[PDB]
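Structure assessment
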2 protein chains.
Amino acid sequence: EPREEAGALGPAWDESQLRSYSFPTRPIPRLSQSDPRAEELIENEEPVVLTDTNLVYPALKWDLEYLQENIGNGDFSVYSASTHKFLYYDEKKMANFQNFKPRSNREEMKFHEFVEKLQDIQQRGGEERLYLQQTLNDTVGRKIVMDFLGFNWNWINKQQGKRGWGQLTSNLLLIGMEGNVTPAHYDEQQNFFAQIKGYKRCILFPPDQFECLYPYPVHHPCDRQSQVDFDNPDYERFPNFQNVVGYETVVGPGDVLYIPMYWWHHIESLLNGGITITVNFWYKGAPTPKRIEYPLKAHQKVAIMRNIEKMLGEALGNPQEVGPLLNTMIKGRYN
Amino acid sequence: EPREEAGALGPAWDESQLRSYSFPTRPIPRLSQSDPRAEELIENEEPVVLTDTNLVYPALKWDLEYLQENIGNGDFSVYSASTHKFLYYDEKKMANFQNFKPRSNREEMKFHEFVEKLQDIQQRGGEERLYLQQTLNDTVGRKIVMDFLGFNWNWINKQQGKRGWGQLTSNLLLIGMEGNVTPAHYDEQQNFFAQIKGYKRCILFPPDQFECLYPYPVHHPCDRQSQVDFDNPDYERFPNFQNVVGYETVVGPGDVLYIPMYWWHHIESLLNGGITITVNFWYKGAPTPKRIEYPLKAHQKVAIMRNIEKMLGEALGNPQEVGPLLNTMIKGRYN
Ligand SMILES: CC1(C)c2ccccc2-c2ccc(C[C@@H](CC(=O)O)C(=O)C(=O)O)cc21
Ligand SMILES: CC1(C)c2ccccc2-c2ccc(C[C@@H](CC(=O)O)C(=O)C(=O)O)cc21
Ligand SMILES: [Zn+2]
Ligand SMILES: [Zn+2]
């Protein structure tokens, strides 16, 4: 259920702001960073929402006015879409599938241009949607650097150490419009997902639900995304989607969501909730141990499947032949 | 059609001695070793029957009386079966499938015992069937060694050289009863199949008909055999068997059939034709070239499929999990 804001300011959000879907869910635990149950969840690679990390405390004052003034004159990737679904695709793989036309057009622009185009849309009541997704880098201004340095690196660096993770790969600045949806997908990195402004509903699925979520081929641009349209699921093509069960939560300013590697996540900015701001923290997973302990984890089997698809594409000399060979291998033999 | 014996002795065989099957065939060419068309077939890894190699000329005098006297007192593997089908299975893999019970019982015995048990069956008109399949080795007697040395090693060694093949892996002595059938299977070696006594009908299928012949899993004891019962094909499980087309021939004394590596072959001793004797010559294929030339050959794709199945069994730690993972990989993704 919804949490209540301090000072009797009422519920920060209500259930009417959540999109409706076909599957059940149960809540992700919301715990204190000091709660040993939280440490045991992270250690066991299960999601948890940490409510008191102060991980991005200096950034909670961030809004568009503050950011436009201080974030500098770097280039910012901005994605557009006529729909509320922003497809998570890979431009590098778009050669393999010359018949895929993305619905999200990316445009590189300056931050003040992003704010203006967002203003124009609001002014003219248009229905276009935007989502800024830019990797924080050196070009940012001095006041943003100060805020960045003020993150709780003591806490997150200890986590990185305790879990044997690799190095911090990148920090994404995410600014979206209300109602924006990032479709279900999984990442090959560990993620601390730090909510700054507004509210995002996060629906996670464990890696062992690979069978119910039907990812695109590895060589397809939408690799690691679910093929299932959550708003109109085609149960004839994706029958096991009727067996999916999610882990759900709404994160607001100050919350940090641990999204374990290989865990599917569907992320939506709440309807009529205003703009949302998030910074995430991606870390390479711990290295694979020398002695493999059976039985394998679900995510290890996903890695095996990915590697098979990759090698088959290399050996055949064409990713388009992967599908035909795999069917040849199974039809009448393993089915 | 049937060939005619020299001296007006009539047709060596007639069509009534061939079992009836559901698929069409076209004949394998029967050519002289000196015919350049024969060399081009072998070079292109296509089957050909060579009629004048004299490859096993000294062995054409062989019969059970001569062999029992001179072949020595070694052990000979003899397979039995209540049916005319002798299943080509692997005892080493029988651990993976503890629910597979072979129909062919192997018994190790001396050659005179093989002849006697064959005599008893004939005497009592029983319906049991036998097939002797023993790798020629050192234990053979002096007169058989003399015959072996008298093979045409000049010709076959030149073939081995011209084709870049590896070394001769083994020579099998095959003695079967009329009507015996070795079900369709492929071998991972090059084979010169030298017919000595009696007549065998050989039905070959190219490697690109993998889809129509449904081999067992690689880890199954009957690896490399077709799952399809040629006498009663289950078209519901094996629908593409209705598209199979074979290459057919009957080899008699003096003929040599080149069975190229990875080519399926179904081999049957002719009905009411008496006992059959064959010696085959297995060679390791030429090494895979350093620069792979695309498009791949059909047999290279078969090798890829075999390797995928093998690696999946090793990685998962159990060959029984191969099937489930492959289905998970394809369902709703590549089909
Ligand atoms: C939707 C978008 C802007 C996008 C478009 C095109 C290519 C890639 C991406 C991409 C990658 C990550 C995110 C952040 C977050 C989802 C969220 O919060 O919306 C998430 O999935 C994660 O932290 O792992 C968002 C995006
Ligand atoms: C049927 C039999 C006796 C068998 C039983 C159990 C395990 C293995 C084998 C095996 C292997 C080879 C052959 C010879 C030939 C077929 C033929 O002429 O009958 C052939 O397939 C080939 O030369 O490649 C025959 C057999
Ligand atoms: Zn993600
Ligand atoms: Zn064979």
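**So, the site of ligand 2**
Residue and element names in this part refer to chain B. Surrounding ligand 2, one finds 18 residues, the nearest of these being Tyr131, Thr182, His185, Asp187 and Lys200. A distance of 2.5 Å separates an oxygen atom of ligand 2 from a polar side-chain atom of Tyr131. Against a free-state accessible area of 530 Å², the protein chains account for coverage of 97% of ligand 2. Looking at the shell around ligand 2, the elements that each hand over two or more residues are strand 6 (129-135), strand 7 (168-176), strand 8 (181-185), strand 9 (190-197), strand 13 (264-269) and strand 14 (276-283). Classifying every residue of the shell around ligand 2 gives ten nonpolar, six polar and two charged.

**A short note on a nonpolar patch on the surface**
Residue and element names in this part refer to chain A. A cluster of nonpolar side chains, namely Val145, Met146 and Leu149, defines an oily patch on the protein surface of about 280 Å² accessible area. For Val145, the location among the structural elements is in helix 4 (residues 142-149). What makes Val145 partly exposed here is its relative accessible area of 31%.

**A short note on the relation of the copies chain A and chain B**
Of the transformation placing chain A onto chain B, the axial shift is 0.0 Å and the rotation is 180 degrees, giving an RMSD of 0.0 Å. What we have between these two chains is a two-fold relation. Comparing interface residues between copies, 100% of those in chain A also sit at the interface in chain B, which points to an isologous, same-surface contact.

**Quick word on the pattern of salt bridges**
All names here are of chain A. Inspection of every chain in the model, using the stated rule, returns 40 salt bridges over all chains. Between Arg306 and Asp223 there is a salt bridge whose closest N-O contact spans 2.8 Å. Residue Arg306 is located in helix 7 (residues 298-316), and its partner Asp223 is located in the loop between helix 6 (210-213) and strand 11 (246-251); the two are separated by 83 residues in the primary sequence. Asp223 shares its class with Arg306; the two are buried.

**Points about the coordination of the zinc ion (ligand 4)**
Residue and element names in this part refer to chain B. For the zinc ion (ligand 4), the full set of protein donor atoms is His185 (NE2), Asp187 (OD) and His265 (NE2), and the range of their distances to it is 2.1 to 2.2 Å. Read N to C, the donor residues that coordinate the zinc ion (ligand 4) are spaced as H-x1-D-x77-H. Taken together, the residues span a long stretch of sequence, with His185 in strand 8 and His265 in strand 13 at a distance of 80 residues. With respect to class, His185 is no different from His265; both count as buried.

**Regarding the UniProt feature "binding site: Fe cation" in chain A**
Residue and element names in this part refer to chain A. Residues annotated by UniProt as "binding site: Fe cation" correspond here to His185, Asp187 and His265. A stretch of 81 residues holds the annotated residues, and the largest C-alpha distance among them is 8.8 Å, short enough that they meet in one place. Here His185 is in contact with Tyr88, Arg224, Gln225, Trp263, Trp264 and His265, once residues within four sequence places are set aside. Within the local environment of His185, its side chain forms a polar contact with the backbone oxygen of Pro183, the two atoms lying 2.9 Å apart. If we ignore the near neighbours within four places in the chain, the residues touching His265 are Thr182, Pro183, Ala184, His185, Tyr186, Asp187, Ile203, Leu204 and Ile259.

**Overview of the sheet that holds strand 5 (residues 105-109) of chain B**
Residues and elements named next belong to chain B. Pairing in this open sheet of nine strands is mixed, and the strands run 2-3-12-9-14-7-6-4-5 from one edge to the other. Looking at which strands have only one partner, the edges of the open sheet turn out to be strand 2 (30-31) and strand 5. Here five bridges tie strand 6 to strand 7, and the two strands are oriented antiparallel to one another. In the sheet register, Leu132 faces strand 7, and the bridge partner there is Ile175. Strand contacts of helix 3 (residues 111-123): strand 4 (76-81), strand 5, strand 6 and strand 7, with the helix running at about 165 degrees to strand 6, the strand carrying the most contacts. Packed onto the sheet, helix 5 (residues 153-162) meets strand 3 (48-50), strand 7, strand 9 and strand 14 and runs at close to 40 degrees relative to strand 14.

What counts and what doesn't
- Residues numbered from 1 in each chain as written, not as in the entry; some residues may be left out.
- Chains lettered and ligands numbered in written order.
- Heavy atoms only, no water.
- Residues with missing side-chain atoms left out of burial classes, pairs and counts.
- Near = heavy atom within 4 Å.
- Polar contact = N/O pair within 3.5 Å; in protein donor to acceptor, adjacent residues only side chain to side chain.
- Areas by Shrake-Rupley, 256 points an atom, 1.4 Å probe, with all protein chains shown as cover.
- Helix = DSSP H or I, 4+ residues; strand = E, 2+ residues; numbered from the N terminus.
- Nonpolar A, V, L, I, M, F, W, Y, C, P; charged D, E, K, R; others polar.
- Patch = residues over 30% accessible without salt bridge, like charges linked within 9 Å, V, L, I, M, F, W, Y side chains within 5 Å.
- Salt bridge = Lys/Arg side-chain N within 4 Å of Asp/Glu carboxyl O.
- Buried < 20%, exposed > 50% of the residue type's maximum accessible area, 1.4 Å probe, protein only.
- Least-squares fit on C-alpha atoms.
- Contact = heavy atoms within 4.5 Å.
- Donors = N, O, S within 2.8 Å, 3.2 Å for Na, K, Ca; no water.
- UniProt positions renumbered as here; feature names shortened; annotations may be inferred.
- Pairing = 2+ DSSP bridges.
- Axes fitted to C-alpha atoms, helices over the stretch in contact; angles between N-to-C directions.

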